[PDB]
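Undergrad: First, the structure itself, so that you have it in front of you.
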Amino acid sequence: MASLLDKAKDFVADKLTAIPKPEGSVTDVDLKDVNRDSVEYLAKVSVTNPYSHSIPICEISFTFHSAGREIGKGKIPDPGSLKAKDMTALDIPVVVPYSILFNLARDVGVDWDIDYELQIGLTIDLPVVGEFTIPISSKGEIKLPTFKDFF
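Those letters in the sequence shown? Residues 1 to 151, per PDB author numbering, in order.
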């Protein structure tokens, strides 16, 4: 388990182990482009660090789903050095292959409004566990992407 990253002593023994879990990397997701091959989404992240010190580096591992299939996924080590036991804004590129939206917006855009779920694994390099991975989710229903005969 990630909470037992190396058996060291120093300060610990039965005191301390790792961080809680309700610590974030979510806040907003802005869908945009596609061209004709791949739709793009700019994800505004808000990473909440559970330790009173600006951490150095993190991992945003995102698995997005729309209808109930997927939207896209990926893992990126990003310098999530930040405030201190608080929430910091972070950024994700733009990833949703047109083929996927093609399926979901096909069916639910057959209606019009679809949901979008983020499954984001939060790996953050911390002083407590040295690094820890806890996942979290952010679903949001909004009008489907810009279209005409794309879906």
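Even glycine gets a Cβ: it sits at the ideal position worked out from N, Cα and C.
Kindly indicate which three-state DSSP category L101 falls into: helix, strand or coil?
TA: Helix.
Undergrad: Report the rounded CA-to-CA distance for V94 versus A13, giving the unit in angstroms.
TA: Each residue's alpha carbon lies about 43 Å from the other.
Undergrad: Tell me the DSSP bridge mates of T123?
TA: Note: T123 sits in a beta bridge opposite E59 and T133.
Undergrad: Quick check on the DSSP output: the beta strand (DSSP E) that includes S46 runs from which residue to which?
TA: Run containing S46: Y41 to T48, per the beta strand (DSSP E) assignment.
Undergrad: Is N49 buried or exposed, if buried means 16 or more other CB atoms sit within 10 Å of its CB?
TA: When all chains shown are included, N49 counts as buried.
Undergrad: Less than 6 Å between C-beta atoms, sequence neighbours within five positions excluded: which residues of the same chain meet that for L31?
TA: Excluding residues within five positions, the ones whose Cβ falls inside 6 Å are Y41 and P145.
Undergrad: Can you list, in chain order, the residues of its chain with a C-beta nearer than 7 Å to that of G72? Leave out the 5 residues immediately preceding and following it.
TA: Only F64, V95, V96, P97 and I100 meet the Cβ criterion.
Undergrad: Taking the DSSP output, what are the residues bridged to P77?
TA: Note: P77 sits in a beta bridge opposite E59.
Undergrad: Measure from the alpha carbon of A18 to the alpha carbon of each residue in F151, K139 and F132, then state which is nearest.
TA: Among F151, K139 and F132, the Cα nearest to that of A18 belongs to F132.
Undergrad: Identify, in the order they occur along the chain, each residue of the same chain with its Cβ nearer than 8 Å to the Cβ of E70, setting aside the five sequence neighbours on each side.
TA: Excluding positions up to five away in sequence, the list reads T63, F64 and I100.
Undergrad: Can you confirm whether the segment 107-115 touches the segment 82-89 when touching is taken to mean that 3 or more C-beta pairs between the two stretches lie within less than 8 Å?
TA: Flag = no, the segment 82-89 and the segment 107-115 do not touch.
Undergrad: Exposed or buried, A89, counting other C-beta atoms within 10 Å across all chains shown (16 or more means buried)?
TA: When all chains shown are included, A89 counts as exposed.
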